[PDB]
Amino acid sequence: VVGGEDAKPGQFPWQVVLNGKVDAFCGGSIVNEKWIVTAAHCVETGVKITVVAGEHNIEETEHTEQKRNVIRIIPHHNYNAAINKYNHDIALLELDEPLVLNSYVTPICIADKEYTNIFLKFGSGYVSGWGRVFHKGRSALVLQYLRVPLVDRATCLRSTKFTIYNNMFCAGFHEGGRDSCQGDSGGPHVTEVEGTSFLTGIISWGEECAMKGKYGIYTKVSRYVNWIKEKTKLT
């Protein structure tokens, strides 16, 4: 996260980090105690992934941490079925043992297709993660967060030569300087609705980070919520 602020412990209890041979390569969100949602381009790699929830400062072992092995990876079935790199950029992780929900480890809410999109069109979301705090710079130690406005489709499409699918949306600032970045991928874009946070996107991609005239690109979760509910349903 470029240009954000230090979060407080417990401020984003649905945020998890993905660790592999390299630590903290991506982010994710707690769906329930056995399931994480993230971006497919983070996890369709064959890397053996450990998930850590309740995390705040990734340099120190903190007593709130809960570490779990990933036992299954489900990229959305359309992700591997196409050449385009970021269309359908979403994936589910099943965990070896259930999380223990508490103040630092809490799921994110997920509305149905209609209402996830309504909340998104409120136009203000939060992103968080431990990715780079400058384009090609150093990564964060303390969890970062950032309020980002929704960018309308016409503006988004005209900001890039690249194809922006209906399964993507834009968020960021006209003047630049504030954006998600490499390493934040798979983390949540959430909308607060009377103090209840709902998942509205997945951090997916962009052309560089925080460049003026460019915006961050997010997977549109509303298009996938019916799929999420089915795959993560507990018994």
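Between two forms, the rigid core is defined as the largest C-alpha subset superposing within 1.5 Å. Just count from 1 along the sequence shown to find any residue number.
**Student:** So which moves more in 5 other deposited structures of this protein by CA, 75 to 83 or 135 to 143, given a superposition on the core?
**Tutor:** It is 75 to 83 whose C-alphas lie farther from the shown form in 5 other deposited structures of this protein.
**Student:** Going by root mean square C-alpha distance after a core fit, say whether 37 to 45 or 184 to 192 is farther from the shown form in 5 other deposited structures of this protein.
**Tutor:** Once the cores are fitted, 37 to 45 deviates more in 5 other deposited structures of this protein.
**Student:** Averaging the C-alpha B factors as listed in the entry, name the stretch that ends up higher: 75 to 83 or 139 to 147.
**Tutor:** Looking at the record's C-alpha B-factors, the answer is 139 to 147.
**Student:** Comparing average C-alpha B factors as deposited, tell me which of 116 to 124 and 130 to 138 sits higher.
**Tutor:** It is 130 to 138.
**Student:** If I read the C-alpha B-factors straight from the PDB entry, which of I203, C26, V52, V193 is highest?
**Tutor:** It is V193.
**Student:** Between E65, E33, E44, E60, let me know which has the highest C-alpha B-factor in the entry?
**Tutor:** Highest C-alpha B-factor among the listed residues goes to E60.
**Student:** Sorting by Cα B-factor within the chain, modelled residues only, which third would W14 end up in: lowest, middle or highest?
**Tutor:** Bottom third by C-alpha B-factor.
**Student:** Hey, what third does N166 fall into on Cα B-factor, ranked over its chain?
**Tutor:** For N166, the deposited C-alpha B-factor lands in the highest third.
**Student:** Rank-wise, by C-alpha B-factor, drop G183 into the lowest, middle or highest third of its chain.
**Tutor:** For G183, whose C-alpha B-factor we compare with every modelled residue in the chain, the answer is the middle third.
**Student:** Ranking every modelled residue in this chain by its Cα temperature factor as given in the entry, which third contains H56?
**Tutor:** Tercile = highest for this residue's CA B-factor.
**Student:** When the modelled residues of the chain are sorted by Cα temperature factor, does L93 land in the lowest, middle or highest third?
**Tutor:** CA B-factor rank for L93: lowest third.
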